[PDB]
């Protein structure tokens, strides 16, 4: 059943990753992250909640969070993706055992929500006294449904079995029969959006239009209920929203649902709203790491241009949702600028949230540290680890896309892919050192077909830090790029951010691509007060930072040269293999006689994602280049 977007995804099952960067992240997800998250679901009581729901009792203290059941649904989602690329009888049998425990907690009419079922006389304090009554506050009853669906659909696609799917269908039918516009129903919308995107997905798996109508009901009714709160984007009808406000995850999950519903019903009204919201996010409310969410209070978007560094929120879940949103905008519009934003988030503020070994995570992802902040294996609220669990293995699904005769190449990494192009099979291989350098060989290894290959030419190689004027390059550098097909240079035009190559493609044909990767300094719009007198360091798609281990001085005390010169060096054995950046700078301090002293130092910079892997201490992304922004001790 067709999703309705004008461009088709190329699924993650079609793309075998052969590189070192992503390939190690994928291995780490399978060998450490998914096993750890299941192990934590046992250890922190997530399974016991379902067992308790199976034997209700007045005596249970219902504690944790009302959305804790989703940690289980999301880890099963991620495992289920893993199983499709890497079969594993034991993981698959383990999941069956978990699902028996999950199925036991479900009431006969399909309601599955352990925070009430465990102890209906004394339910979780966020659940309310009765079903649904606190849903637009913090019950998370429809959030739980959403993650349950996404988990179940994935498990069905991985196993051909319905032991998860049937549970989701039943809870979905419970919601659909009790919640709606009908006269024996109750008008309620999600307190935490996700059910909208998830119900489109369940429709696509089952053919039951009830689910699509429920998703549309959820969206269309928002803003017309008693709870008109900014926190959950219910301050206005969603079609009239034009700025990203409130809780960052809630926001991007709703914008993603708005996109899915729009595509599948051919309704452009939701699209005209998210186009404006996207413009607001990218021109006004996005960090240079691609993170979103400026305030601890509400885990929320700030005002326009409000981007503080130390107190930046940037929940890893929000980075993941930001990827979901931009991918969908790409599918609607066919412009690479959506993948520039997605690439920035993906390579920086998303992967910053999981350690390289896969065993610890971040909830918030700040752009500065004064120490006392490292990744943890889990949290009371485990939304980020379980989201990481589910995201990483799906990564190969983001690389390509196809519309008819048009093949989009959106990410650069070594991989072999099978593409369906006007109903003929095309095997395509990328070989590259990306993100570490800008050389890409693409080869047709099997098949022959006339088609147009669209190569994303990243914003960074064309002088655009991001779409819009939130940021600009503040050096003199003039990066260049070149493309060739079988030794003939393409000096065709960049349209919609792609260099487009139309020809008969055959086994043997080679595309060669070169992007200069030169260290850049980035300046923020002068309206961003936090970054006055400061610049950020970048190379290719990687944002850099200064961290304490590499620098025999206080990292918060540097003063970059007025016209900083940069050296890049390969470090294959440092932090899983990276390129570090070096620059000649000054470190400032106050001597014993009370005088400012400047000391010439070598400043060593690492990828932002690689910070915090070697001990708590100081870190800065936004480096002073003016004495107004310095700090001496």
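Numbering follows the first chain given and starts at 1.
Tell me which of 442 to 450 and 538 to 546 has the higher mean C-alpha B-factor in the deposited entry.
Between 442 to 450 and 538 to 546, it is 442 to 450.
Quick one: higher average CA temperature factor, 253 to 261 or 471 to 479?
Comparing 471 to 479 with 253 to 261, the higher mean C-alpha B-factor belongs to 471 to 479.
Out of 239, 212, 494, 331, which residue has the highest Cα temperature factor in the PDB record?
Comparing C-alpha B-factors across 239, 212, 494, 331, the top value belongs to 494.
When the deposited Cα B-factors of this chain's modelled residues are ordered and cut into thirds, is residue 121 in the lowest, the middle or the highest one?
Its C-alpha B-factor belongs to the middle third of this chain's values.
Name the third of the chain's ranked CA B-factors that contains residue 57, choosing lowest, middle or highest.
Highest third - that is where residue 57 ends up once the chain's C-alpha B-factors are sorted.
Grab the CA temperature factor for residue 289 from the record and place it in the lowest, middle or highest third of its chain.
Lowest third of the chain for residue 289's C-alpha B-factor.
State the tercile, meaning the lowest, middle or highest third, of residue 23 with respect to the CA B-factors recorded for its chain.
According to the entry, residue 23 has a C-alpha B-factor in the chain's lowest third.
Tell me, lowest, middle or highest third: where does the Cα B factor of residue 110 rank within its chain?
Ranked within chain, residue 110 CA B lands in the middle tercile.
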